Amino acid sequence: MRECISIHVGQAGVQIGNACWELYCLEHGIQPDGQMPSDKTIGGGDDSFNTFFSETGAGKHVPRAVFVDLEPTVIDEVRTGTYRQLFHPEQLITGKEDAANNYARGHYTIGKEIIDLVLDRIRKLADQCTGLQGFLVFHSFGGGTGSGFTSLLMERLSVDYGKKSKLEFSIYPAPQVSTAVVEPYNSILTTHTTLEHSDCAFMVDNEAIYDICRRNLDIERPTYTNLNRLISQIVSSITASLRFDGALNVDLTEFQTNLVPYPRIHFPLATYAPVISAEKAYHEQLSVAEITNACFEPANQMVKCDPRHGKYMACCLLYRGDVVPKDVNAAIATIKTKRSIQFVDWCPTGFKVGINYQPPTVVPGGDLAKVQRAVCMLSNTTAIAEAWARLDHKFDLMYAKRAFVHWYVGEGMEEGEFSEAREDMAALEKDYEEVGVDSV
Amino acid sequence: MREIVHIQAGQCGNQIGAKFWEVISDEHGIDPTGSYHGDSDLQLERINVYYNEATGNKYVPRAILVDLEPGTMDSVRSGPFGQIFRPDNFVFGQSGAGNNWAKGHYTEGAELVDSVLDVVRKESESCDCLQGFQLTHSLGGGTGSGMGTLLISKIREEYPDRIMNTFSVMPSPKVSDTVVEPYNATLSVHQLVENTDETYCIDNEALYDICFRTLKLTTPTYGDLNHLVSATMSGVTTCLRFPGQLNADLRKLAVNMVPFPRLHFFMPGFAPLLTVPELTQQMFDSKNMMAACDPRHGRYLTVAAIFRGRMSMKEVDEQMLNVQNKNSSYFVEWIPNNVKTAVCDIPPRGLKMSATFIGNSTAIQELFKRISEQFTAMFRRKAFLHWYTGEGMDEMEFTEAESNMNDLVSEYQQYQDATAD
Amino acid sequence: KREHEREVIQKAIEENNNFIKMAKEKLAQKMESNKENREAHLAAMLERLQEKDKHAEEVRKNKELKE
Ligand SMILES: Nc1nc2c(ncn2[C@@H]2O[C@H](COP(=O)(O)OP(=O)(O)OP(=O)(O)O)[C@@H](O)[C@H]2O)c(=O)[nH]1
Ligand SMILES: Nc1nc2c(ncn2[C@@H]2O[C@H](COP(=O)(O)OP(=O)(O)O)[C@@H](O)[C@H]2O)c(=O)[nH]1
Ligand SMILES: COC(=O)Nc1nc2ccc(C(=O)c3cccs3)cc2[nH]1
Ligand SMILES: [Ca+2]
Ligand SMILES: [Mg+2]
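Protein chains in written order, with the numbering used here: chain E, 18 to 457; chain L, -1 to 419; chain U, 551 to 617.
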């Protein structure tokens, strides 16, 4: 058992969902029609891939997933795309009019009209689980649906599913691939609202992904298609421990025990390696030592920040492919005596290590080279607070003049929700500062 | 789908309206019969935004043609693509407003406005999910100005949660001799500032100065002025009519462009009148603006620019970065990332690449100051004031419209002088 | 020790229920506050449009008491 239900909210959430589930299918040998030849137990099973896939009597393997958007055109591409047979029509939910990059519309005006239907469809997935573990919520910070509706959904999920775990994959706004101006507002609002209802959240900075695609994959001007394929690999590395088995496999929940020292401190920094093109990977093996060392090169982080100017509270290494502990241990020993790695004084310094033997897969016609071994580092660093600081500052600049606020007030919100949300963010930044001060 | 309901009022509104439909029908590949004969499915992807599907193989503009005089109605019916418009959507009076705003807003127009709303309601209710309305009109006349703003007030009463955008043509002595126009403009602005989401200030003064000094056209015709207008209107609606980088309806576009409800008056621009650096420099140039204002006399609150044609996307990103860097002072610092760009693969007809510019600049106050100057020069003498009191208006309504536009100007000045610290 | 064991799991139940309760209440209060504000905002907008209609008939009336 131990099923996980994925929920994809808004354009960013949905389209990243496409990338992930396509990648999952390739990893498990699941065809676009849902058929999986290597699976001999027809109509059910308790295999590791069953955490993410349910099974019909006709042998179809169905994602434990709901797609939600307040506007239909993004999800419509899923309904008519390559993997349309994968999903039951009731897993794909759309309204007619989006939130127009307005949190208020996503959380209130438009969201309330569809939230009951969404909870019903999620309930129908939960009822088919023999031991539901929790949820995975994919969304942007900047969208009106990604921010507003997600926080509404997270609030309702806490009511309907008690303390059942809820994890986030959140897209942090970058101007390079955005045409919105009010995203700092939506970002601060959803973070404040969701903070109590999320157990762990993986922020993905679009600028970090954009840079990596440009510098490492030599993509002149990355698209959402380019970003999502990279993001899906990081998401895959993180969920791999839930979907595959293995002696040296360590479950995500065990890493979570180390990553979250206080409820509010639940934002791990992800670093992934190797990201390399086919052209450059030819005749060039990337050893365990080489990719491990790349985890401490800030250019490979999912979020722009400098851990070398912060403190560590946890460090996890999630390997996949041709990797054995002996090589890991040696690589780590080298790094510990050559890197700027400093822990807070109230936390042990050892690196928690996981290894899945099944190697990384690539999507056909993608940009990433197929490699024999990859690694995702999940660290808890005070430096992640830099991402809050940049966002909060953009917020302050606009809010001082009350720019764009009338759009929010017009949909029923009050200025008091803004200041309250901002104060939570100020306290959050101070929390990250306080955990880094040495003990008495 | 995502409907826009189009409305054109008065003479100016109807002829720039007809030009708009000609240009976009050409782009979407439909002929005056209403039949599609294109080559790309990208022409039909969002065909529903401005067209209803009808009889077998036929596309009919979701447009409503309005005027207090029947003259221009026949002109459109006789003009190219005249047989593509829905006959019932022609709503005309016999009256003729005679450049009297009061006649348009309170008297003649008020009697006709109901049958107009009837056609609006019929188009709107047939809509899968109406995203909003757009109005083409001038502010200097009587019908498009007076009845147009009355129509807006009435539509917002039945559709208070729909987007209302106008393409408003601003009066200039260089184009029209009519003396009373600063009255009609000031009265209309008093309405637009309260009841619209976006107003594209199509300034006849700027249209004239472009045709004359740039296009080197001695004594320019309305056809010359409107060619610029059609090219601009085509540009500002490109992201709505073609699938591209933007997944944005009228509301989302307004949300990211209008930081303050009253400050929704955009100065549009076009280029050219070519390399990407050249295109980008021109579109930020004061000579290429469709509103007679110098952007370097104020600051940009928000900016949107649409590039069209097959060009280097990387180069566009770099040139936009370059322009903002070299012109940093002219963008307000307290709105981060306020300059946004989109690119459409499909170029306009005749140009292998172009650029449409939408600026929300505090320098638009210069346009309102010009009108205010001409207005106040009449109102001191109460010149021609009896044409308005005659219809039942009071002088106070003139004072209020004057001071409201004065407030608008001071408000633009407020945010122009604001700093981050 | 047995009584302490019971009190621990009872506390865990009480806290989880309290979290669920307060979340349900705070959300219901937020949706209600939002519904009121939005309605008041739209009501104010319509009332403004209604004075303009009242003004328009006082204008047309003024014109007949002109003759
Ligand atoms: N990485 C990535 N980011 C995306 C993608 N799509 C949108 N975004 C980002 O999401 C933000 C905008 O939010 P959206 O997800 O598009 O909006 P939404 O959730 O659909 O909410 P609405 O306002 O109602 O449309 C911007 O910062 C985009 O850069 C995507 O496919 N991949
Ligand atoms: N750019 C442009 N301006 C016009 C056109 N027709 C009229 N105008 C302007 O509109 C103003 C007069 O408004 P008009 O449309 O004649 O008033 P109405 O028909 O009674 O509503 C004058 O300032 C004209 O310069 C046109 O085709 N193009
Ligand atoms: C009919 O009314 C309008 O088309 N309104 C409108 N408002 C707009 C704002 C922006 C844009 C646009 O094309 C963008 C280019 C780059 C970022 S947005 C287009 C817009 N169109
Ligand atoms: Ca099975
Ligand atoms: Mg969306």
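For each residue, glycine too, the CB sits at the ideal point set by N, CA and C.
In terms of beta-carbon proximity, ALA573(U) lines the interface with chain E, with at least one pair separated by less than 9 Å.
Distances from the alpha-carbon of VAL177(L) to those of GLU123(L), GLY138(L), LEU149(L) put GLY138(L) closest. For the region 555 to 570 of chain U, the set of positions with a beta-carbon nearer than 8 Å to some beta-carbon of chain E reads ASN566, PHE569, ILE570 in chain order. Measuring C-alpha to C-alpha distances from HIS135(L) to each of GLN322(L), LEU190(L), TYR104(L) identifies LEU190(L) as the nearest. At a cut-off of 9 Å between C-beta atoms, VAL199(E) counts as an interface residue with respect to chain L. Looking at the DSSP output, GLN132(L) shares a beta bridge with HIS4(L), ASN163(L). Exposure of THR351(E) is indicated by the presence of fewer than 16 other C-beta atoms within 10 angstroms of its C-beta. For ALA108(L), the enclosing alpha helix (DSSP H) has its first and last residue at 106 to 123. For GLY46(E), the shortest C-beta to heavy atom distance toward ligand 4 is 8 Å or greater.
The region 27 to 43 of chain E and the region 143 to 158 of chain E touch, with no fewer than 3 CB-CB distances between them shorter than 8 Å. Scanning chain L for C-beta atoms nearer than 9 Å to the C-beta of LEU414(E) yields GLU331, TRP332, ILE333, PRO334, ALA418, reported in chain order. Taking a cut-off of 8 Å on C-beta distances, the region 86 to 95 of chain L does not touch the region 195 to 209 of chain L, as fewer than three cross pairs fall below it.
DSSP, read as helix, strand or coil, puts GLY32(L) in coil. Close to chain E, meaning a Cβ-Cβ distance shorter than 8 Å, are the following residues of the region 333 to 353 of chain L: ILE333, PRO334, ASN335, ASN336, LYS338, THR339, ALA340. Under the criterion of beta carbons closer than 8 Å, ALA252(L) and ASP195(L) qualify as touching, at roughly 5 Å. Chain L places a beta carbon closer than 9 Å to that of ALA606(U), counting this residue as a contact. With contacts defined by Cβ atoms closer than 9 Å, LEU226(L) and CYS237(L) do not form a contacting pair. The beta carbons of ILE255(E) and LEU43(E) sit no closer together than 9 Å. Shortest gap from the CB of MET255(L) to any heavy atom of ligand 3: under 8 Å.
Interface annotation, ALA100(L): in contact with chain U, CB-CB separation under 9 Å. Considering only beta carbons, the part of the region 580 to 594 of chain U lying closer than 9 Å to chain L consists of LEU592, in chain order.
The C-beta of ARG378(L) comes no closer than 9 Å to any C-beta of chain E. Not one heavy atom of ligand 4 sits closer than 8 Å to the Cβ of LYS77(E).
Below the 8 Å Cβ cutoff, chain U contributes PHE569, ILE570, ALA573 as neighbours of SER175(E), in chain order.
For a cut-off of 8 Å, the C-beta gap from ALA290(E) to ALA391(E) is around 7 Å, short enough to register as a contact. Excluding the 5 residues flanking it on each side, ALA399(L) has same chain C-beta neighbours closer than 6 Å at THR184, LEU185, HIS188, in chain order. When the Cα atoms are used, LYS338(L) and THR196(E) turn out to be separated by approximately 5 Å.
Taking CB atoms only, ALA116(E) has no neighbour in chain U less than 9 Å away.
In the structure shown, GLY148(E) adopts coil according to DSSP, grouped into three states.
Taking 9 Å as the CB threshold, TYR125(E) lines the interface with chain U. Here DSSP, grouped into helix, strand and coil, assigns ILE352(E) to helix. Interface residue (Cβ-Cβ distance to chain E less than 9 Å): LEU599(U) is not classified as such.
Boundaries of the beta strand (DSSP E) around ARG390(E): 390 to 398. Inter-residue distance for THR417(L) and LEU414(E) is about 9 Å (C-alpha atoms, whole angstroms).
In the DSSP assignment, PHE396(L) falls within the alpha helix (DSSP H) that extends over 393 to 415. Here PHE268(L) carries a strand assignment [DSSP, helix/strand/coil].
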